[PDB]
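Right, one structure below, let's go through it.
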Amino acid sequence: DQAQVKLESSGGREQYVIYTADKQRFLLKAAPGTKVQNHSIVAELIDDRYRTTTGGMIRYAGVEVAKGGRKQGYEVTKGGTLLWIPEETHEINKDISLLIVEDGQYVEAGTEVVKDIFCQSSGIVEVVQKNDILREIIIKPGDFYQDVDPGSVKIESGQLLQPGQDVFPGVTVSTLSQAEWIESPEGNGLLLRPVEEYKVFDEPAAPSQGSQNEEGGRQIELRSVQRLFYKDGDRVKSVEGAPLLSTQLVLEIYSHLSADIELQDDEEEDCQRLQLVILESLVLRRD
Amino acid sequence: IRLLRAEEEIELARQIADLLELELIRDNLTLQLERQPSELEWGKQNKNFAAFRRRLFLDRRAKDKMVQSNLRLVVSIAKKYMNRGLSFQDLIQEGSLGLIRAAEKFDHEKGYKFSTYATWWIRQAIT
């Protein structure tokens, strides 16, 4: 109940988005009239948040994940506040004589150049060459300070940061930021990286699909547990925005084969509702 | 034969440039010493001649590897020129000659991949 989906073409391809009373828009990008089984793509939903900047490193602490393969997905249960450290990569294979900027300084976003490639995010440049070949260009997008040899406890690269902390006399720190020093050529810099706070709910808001049928010996009831295809050990090297999770639909039912179709069945008003039907049709001969 | 990667292409292009400058100094020595340079070399100026032969063998093997690994591009290009008057194998062999010229004219200090310049020379040789 409380469904409303019609045709809507404004920005791209075919697009049949549904309407709910919980103010959450759901959509499957595949063609209407598909054939699916268990553990498949059934729908997804847009997100106002989770529009990330670039890649980075993720290390979750105190939340459980349960999956065997990395390409399957982890049925998450708890929530918890997890890490997000911004770090932009450039996976290229140019020469070191194609290198245009010096490593260890501050460039600006867009108006700079890294080996015939325009930049995206302003930050501190990190380079690794192996065999006189530029294998990657790393630009950590963070604000940069230049004050070394403190003689204090400013090395805190393990734990996180608090706004009421002190790392040096006269250092502005308001937002959560991780600290590690810059081994600059004839430079005394120290960069802080803007760690962003991320957190997800326990279980997502979705109305339970009520059944008006007989349901003798069996019943259909799918749950919506969003999957994790990131882990601790992986670091993502996206040059652009990449989402972490997808608010999406997966249908399970209890070898076994199933072919489910979708249509639009509505006998109350002139609209179209959510319809996902199966029936094991046999064929008695009329003859 | 398998397909190459990009750092492989950079290293093979460096060895090909080494081979071509060695052949340039060999050609000017033949133009100076009346075509008797088989025992003459400026890369040294007994074990040094063995090292010179090993270097020449590795550079020639690098050129042959860069030519051999890209023969799939010739077949992907020459399948478009099929019915103009030549058979398929003649187009493949002439595009292979164009790929040889592209492998001996490649510049790795420009940042561009080998496939674009190779496609230009293969289509040139086919036409």
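We label chains A, B, ... in the order they appear in the structure tokens, count residues from 1 in each chain, and number ligands from 1 in the order shown.
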
Each residue of chain A with at least one atom at most 10 Å from chain B should appear once, together with its nearest atom pair and the corresponding distance in Å (one decimal); atoms considered: only C-alpha atoms; ordering: chain, then increasing residue number; output as a Markdown table.
| residue | atom | partner | partner_atom | distance |
| --- | --- | --- | --- | --- |
| A:92 | CA | B:6 | CA | 9.2 |
| A:93 | CA | B:6 | CA | 6.3 |
| A:94 | CA | B:111 | CA | 5.5 |
| A:95 | CA | B:109 | CA | 6.7 |
| A:96 | CA | B:109 | CA | 9.0 |
| A:97 | CA | B:109 | CA | 7.1 |
| A:98 | CA | B:111 | CA | 7.0 |
| A:115 | CA | B:111 | CA | 8.5 |
| A:116 | CA | B:111 | CA | 8.2 |
| A:131 | CA | B:7 | CA | 8.6 |
| A:132 | CA | B:10 | CA | 9.5 |
| A:133 | CA | B:7 | CA | 7.2 |
| A:134 | CA | B:7 | CA | 9.4 |
| A:135 | CA | B:7 | CA | 8.7 |

Put those residues in a file: N, CA and C atoms, as a compact mmCIF listing (two decimals), in the first residue's frame.
# COMPACT_ATOMS: atom_id res chain seq x y z
N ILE A 92 47.60 6.30 -13.33
CA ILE A 92 48.07 6.54 -14.68
C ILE A 92 49.41 5.84 -14.88
N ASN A 93 49.90 5.87 -16.12
CA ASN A 93 51.12 5.15 -16.48
C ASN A 93 52.00 6.01 -17.37
N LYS A 94 52.20 7.27 -17.00
CA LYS A 94 53.02 8.17 -17.79
C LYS A 94 54.49 8.08 -17.35
N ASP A 95 55.32 8.92 -17.94
CA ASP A 95 56.74 8.98 -17.63
C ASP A 95 57.01 10.04 -16.55
N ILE A 96 58.17 9.92 -15.90
CA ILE A 96 58.55 10.91 -14.90
C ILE A 96 59.04 12.21 -15.54
N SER A 97 59.39 12.18 -16.83
CA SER A 97 59.69 13.41 -17.55
C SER A 97 58.44 14.14 -17.99
N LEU A 98 57.28 13.49 -17.91
CA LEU A 98 55.99 14.15 -18.11
C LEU A 98 55.51 14.88 -16.86
N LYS A 115 50.88 16.08 -14.72
CA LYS A 115 51.34 15.29 -15.87
C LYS A 115 50.28 15.23 -16.97
N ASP A 116 50.00 16.41 -17.54
CA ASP A 116 49.02 16.61 -18.62
C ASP A 116 47.61 16.18 -18.22
N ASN A 131 59.98 2.64 -11.76
CA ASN A 131 60.95 2.35 -12.81
C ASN A 131 60.97 3.49 -13.82
N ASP A 132 61.08 4.71 -13.30
CA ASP A 132 61.00 5.98 -14.04
C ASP A 132 59.66 6.11 -14.76
N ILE A 133 58.60 5.65 -14.10
CA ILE A 133 57.25 5.66 -14.65
C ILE A 133 56.31 6.15 -13.56
N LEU A 134 55.53 7.18 -13.86
CA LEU A 134 54.57 7.73 -12.90
C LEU A 134 53.40 6.77 -12.71
N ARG A 135 53.47 5.93 -11.68
CA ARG A 135 52.45 4.91 -11.49
C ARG A 135 51.19 5.46 -10.82

query: Can you list, as a PyMOL selection string, every protein, DNA or RNA residue that comes within 12 Å of residue 71 in chain B when you count only C-alpha atoms, leaving out same-chain residues fewer than 3 positions away?
result: chain B and resi 1-4+64-68+74-78+92-100+103+115+118-119+122

Counting only C-alpha atoms, the residue among A:24, A:176, A:33, A:86 that lies closest to residue 264 in chain A is A:33

- Task: Mind giving me the straight-line distance from CA of residue 117 in chain B to CA of residue 136 in chain A in Å, one decimal?
- Result: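 So the two atoms, CA of residue 117 in chain B and CA of residue 136 in chain A, lie 24.1 Å apart.
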
Using the chain letters and numbers from this document, which residues of range 19-112 of chain B does DSSP assign to helix (DSSP H, G or I), as a VMD selection string? chain B and resid 19 to 33 47 to 68 71 to 78 88 to 103 108 to 110

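Picture a line from CA of residue 42 in chain B to CA of residue 23 in chain B; it runs 10.7 Å.
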
- Query: Within 12 Å of range 141-145 of chain A, counting only C-alpha atoms, which residues qualify if same-chain residues fewer than 2 places away don't, as a PyMOL selection string?
  - Reply: chain A and resi 53-56+85-89+104-109+119-126+138-139+147-148+168+170-173+175-182+187-196
